[PDB]
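Heads up, the thing below is written out as structure tokens.
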Amino acid sequence: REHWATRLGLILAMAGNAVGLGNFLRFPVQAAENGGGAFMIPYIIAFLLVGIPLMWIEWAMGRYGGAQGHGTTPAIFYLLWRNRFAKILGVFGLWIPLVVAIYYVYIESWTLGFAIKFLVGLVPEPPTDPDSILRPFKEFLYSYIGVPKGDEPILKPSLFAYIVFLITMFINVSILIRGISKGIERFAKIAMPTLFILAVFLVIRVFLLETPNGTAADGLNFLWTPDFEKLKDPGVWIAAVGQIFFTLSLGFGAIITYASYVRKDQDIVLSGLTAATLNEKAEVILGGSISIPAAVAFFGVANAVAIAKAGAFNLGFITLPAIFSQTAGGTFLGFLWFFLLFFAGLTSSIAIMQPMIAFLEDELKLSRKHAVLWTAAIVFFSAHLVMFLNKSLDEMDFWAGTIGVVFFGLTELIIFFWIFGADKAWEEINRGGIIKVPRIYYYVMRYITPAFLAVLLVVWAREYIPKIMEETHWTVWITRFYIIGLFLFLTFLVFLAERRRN
Ligand SMILES: CC(C)C[C@H](N)C(=O)O
Ligand code: NA
Ligand code: NA
Numbered sequence: 005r006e007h008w009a010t011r012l013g014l015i016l017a018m019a020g021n022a023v024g025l026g027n028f029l030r031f032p033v034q035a036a037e038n039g040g041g042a043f044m045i046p047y048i049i050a051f052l053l054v055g056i057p058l059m060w061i062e063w064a065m066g067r068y069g070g071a072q073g074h075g076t077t078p079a080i081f082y083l084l085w086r087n088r089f090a091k092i093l094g095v096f097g098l099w100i101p102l103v104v105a106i107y108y109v110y111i112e113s114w115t116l117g118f119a120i121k122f123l124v125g126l127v128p129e130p131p135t136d137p138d139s140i141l142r143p144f145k146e147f148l149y150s151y152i153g154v155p156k157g158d159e160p161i162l163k164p165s166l167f168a169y170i171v172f173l174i175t176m177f178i179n180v181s182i183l184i185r186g187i188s189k190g191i192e193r194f195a196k197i198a199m200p201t202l203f204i205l206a207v208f209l210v211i212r213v214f215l216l217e218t219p220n221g222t223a224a225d226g227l228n229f230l231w232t233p234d235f236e237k238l239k240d241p242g243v244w245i246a247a248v249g250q251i252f253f254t255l256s257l258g259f260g261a262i263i264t265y266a267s268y269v270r271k272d273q274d275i276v277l278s279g280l281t282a283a284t285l286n287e288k289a290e291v292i293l294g295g296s297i298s299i300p301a302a303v304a305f306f307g308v309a310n311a312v313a314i315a316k317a318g319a320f321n322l323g324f325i326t327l328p329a330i331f332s333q334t335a336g337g338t339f340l341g342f343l344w345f346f347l348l349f350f351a352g353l354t355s356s357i358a359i360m361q362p363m364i365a366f367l368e369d370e371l372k373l374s375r376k377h378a379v380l381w382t383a384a385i386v387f388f389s390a391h392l393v394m395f396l397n398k399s400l401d402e403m404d405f406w407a408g409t410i411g412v413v414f415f416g417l418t419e420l421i422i423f424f425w426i427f428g429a430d431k432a433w434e435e436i437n438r439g440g441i442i443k444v445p446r447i448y449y450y451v452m453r454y455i456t457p458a459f460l461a462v463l464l465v466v467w468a469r470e471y472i473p474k475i476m477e478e479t480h481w482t483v484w485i486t487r488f489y490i491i492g493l494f495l496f497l498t499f500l501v502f503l504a505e506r507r508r509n
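If you use the entry's author numbering, the sequence shown corresponds to residues 5 to 131, 135 to 509, in order.
And the structure:
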């Protein structure tokens with residue numbers, strides 16, 4: 005089996021997995037919608053009671069499986085629990101990352117396309136009226152991905168966007184095809200440093216922004232000022248947990264796959280802890296100190312929150328660059344912003360494609376080259392669904408990147424810390440660890456975490472089961488139909504892999 009060359013390379017590879025579009029895009033929005041400081045309390049709690057224990061659990065399961073030549077859940081679940089149903093459940097460890105990757109890579113191609121156009125200097129040129140400053144960039148984004156005037160189902164992506172998406176796919180392949188140590192590890196040792204330093208630079212510059220309407224400092228205050236009146240709102244907790252799962256790449260089966268390349272005897276405790284800690288630093292300190300504080304600076308808190316509630320891409324692809332355009336060298340600043348997003352997204356996109364590749368290599372015994380090329384083909388082909396179908400991206404993000412990851416996180420924990428045995432799991436987690444997990448986390452993993460996730464899922468289902476059936480748009484049923492097709496497709500490959508073994 006292939007392994008990580010150095011401990012450092014391992015750490016930065018995992019950090020590149022977590023730290024991504026979720027930090028500079030999803031987080032600012034989630035925190036803004038949930039009342040800044042009021043969102044932070046549940047967020048931290050969710051990080052302690054959910055993020056860390058699951059992180060360690062996934063690392064353990066990964067290395068455990070990897071030692072026997074299996075990096076994906078279909079096999080690993082079976083190793084932890086003997087049952088056909090264990091394999092069927094493990095199919096999500098492939099379905100989830102694949103579905104998410106389909107649209108994730110596309111968003112990543114956006115940041116790239118933007119990074120290019122902003123570098124060359126081809127951008128809209130605003131003239135004191137907020138709308139007259141934002142409108143040009145709204146039209147700019149809409150022209151790029153091809154957004155309809157009214158609410159129309161079909162998207163018309165510009166040739167440039169499509170070509171950029173091809174390039175993005177190429178870059179992803181060029182990295183993945185070189186292997187774990189030579190391809191992913193090498194890139195991580197470069198991208199991450201660049202990323203952190205670009206992020207750092209952007210946080211400085213942004214913090215310097217101050218206008219008659221507000222300051223970046225007002226934004227930092229808003230984000231870090233505690234509010235206890237929102238603690239009784241379940242929605243805040245649900246959003247916090249969802250963000251923790253997404254940002255830490257938990258429930259995507261990515262962490263597990265990466266961990267399967269860690270040598271049986273190498274530490275996963277301190278490594279895992281360090282990776283997660285880096286992500287949070289990149290999330291709360293970097294991610295939350297760029298977008299929000301800038302919006303608040305120019306438009307004020309109220310408007311900033313309104314803009315955040317407007318959409319997820321509205322703050323990242325429209326508001327921020329529009330704000331930069333009003334400053335000296337704002338065009339170049341916008342470039343660094345999209346270059347940062349691109350490197351963050353690229354480091355994550357490769358991570359959610361690897362689980363599929365690892366399955367083909369491990370279970371179907373395909374060469375790395377073939378495994379990568381076929382994975383890219385599937386993603387690229389499926390991407391047309393997200394590219395040309397409005398609301399398809401949202402549907403995938405929801406079913407896979409929201410519900411799926413939580414459901415899968417609960418499943419893997421139940422299989423590992425319950426069926427497989429709590430003590431055995433604990434012993435497996437701490438084995439070889441440079442430091443040992445606090446004893447208390449034993450009771451967190453076995454009782455607290457699973458219960459909280461279960462309650463969450465129950466609450467969700469109660470609200471969603473009626474809404475699903477009554478949804479007017481056909482694009483979602485097409486998306487649903489197709490991803491269900493993808494699931495069946497993957498189950499069939501597992502069947503073949505199972506048959507080859509015999
Ligand atoms: C799906 C995951 C790879 C997402 C990543 N953890 C992020 O924060 O963007
Ligand atoms: Na990343
Ligand atoms: Na992240």
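Note that CB positions come from ideal geometry on N, CA and C, so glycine has one too.
Set against 7 Å, the gap from the CB of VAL23 to the closest heavy atom of ligand 2 is smaller. Annotation for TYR169: the continuous alpha helix (DSSP H) segment containing it runs 166-183. A straight line joining the alpha-carbon of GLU290 with that of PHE350 spans about 15 Å.
For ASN27, the Cβ falls inside the 7 Å cut-off from some heavy atom of ligand 1.
By the Cβ rule, the stretch 154-171 does not count as touching the stretch 329-342, because fewer than three pairs are nearer than 8 Å. Under the three-pair Cβ rule at 8 Å, the stretch 465-480 does not count as touching the stretch 379-387. The beta carbon of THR175 lies closer than 7 Å to those of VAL109, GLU112, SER113, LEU116 in the same chain, with the five residues before and after it left out. If you compare the alpha carbons of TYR169, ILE436, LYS271 with that of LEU392, the shortest gap goes to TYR169.
In terms of side-chain proximity, the C-beta atom of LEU255 is found nearer than 7 Å to a non-hydrogen atom of ligand 3. Using a cutoff of 7 Å, the CB of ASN286 counts as near ligand 3, since one of the ligand's heavy atoms is closer than that. Buried is the label assigned to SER399, since at least 16 other Cβ atoms lie within 10 Å of its Cβ. At a Cβ-Cβ threshold of 8 Å, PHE346 and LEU205 count as neighbours. The C-beta separation of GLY408 from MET59 comes to about 18 Å, leaving the pair out of contact by the 8 Å criterion. Going by DSSP, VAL312 is part of the alpha helix (DSSP H) stretching over 298-317.
Remark: the shortest separation between the CB of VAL104 and any heavy atom of ligand 1 falls under 7 Å. DSSP places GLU6 in the coil class of the three-state scheme, outside both helix and strand. Taking C-beta separations shorter than 6 Å and ignoring five residues to either side along the sequence, the partners of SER256 in its chain run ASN21, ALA22, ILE262, following chain order. Residue pairing by DSSP puts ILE161 in a beta bridge opposite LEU396. Contact between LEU497 and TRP85 is absent: CB atoms are separated by about 19 Å, not below the 8 Å threshold.
Around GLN34, the same chain offers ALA246, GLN250 as residues with beta carbons nearer than 6 Å, after the five sequence neighbours per side are excluded. Here DSSP, grouped into helix, strand and coil, assigns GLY341 to helix. Setting aside the 5 residues that flank it on each side, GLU370 is surrounded in the same chain by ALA504, each with a C-beta closer than 6 Å to its C-beta; the list follows chain order. Secondary structure of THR76 (DSSP, three-state): coil. Between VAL154 and the set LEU396, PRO200, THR264, the nearest pair of CA atoms involves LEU396. Closest option to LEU53, judged by alpha-carbon separation, among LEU343, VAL248, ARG193, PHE122: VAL248. Rounded to the nearest whole angstrom, the C-alpha separation of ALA283 and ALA50 is 13 Å. The shortest C-alpha to C-alpha distance from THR10 to any of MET44, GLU192, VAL124 is the one to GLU192. For the 8 Å CB-CB criterion, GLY226 and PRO300 form a contact. In terms of Cα proximity to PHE235, the closest of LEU126, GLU6, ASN38, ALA432 is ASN38. Distance check between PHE320 and each of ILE152, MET44, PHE494 places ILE152 closest, using alpha-carbon atoms only. Around the beta carbon of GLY318, a 10 Å sphere encloses fewer than 16 other beta carbons of the protein chains shown; the residue is thus reported as exposed. Each residue's CA atom was taken as its position, placing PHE423 and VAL444 some 16 Å apart.
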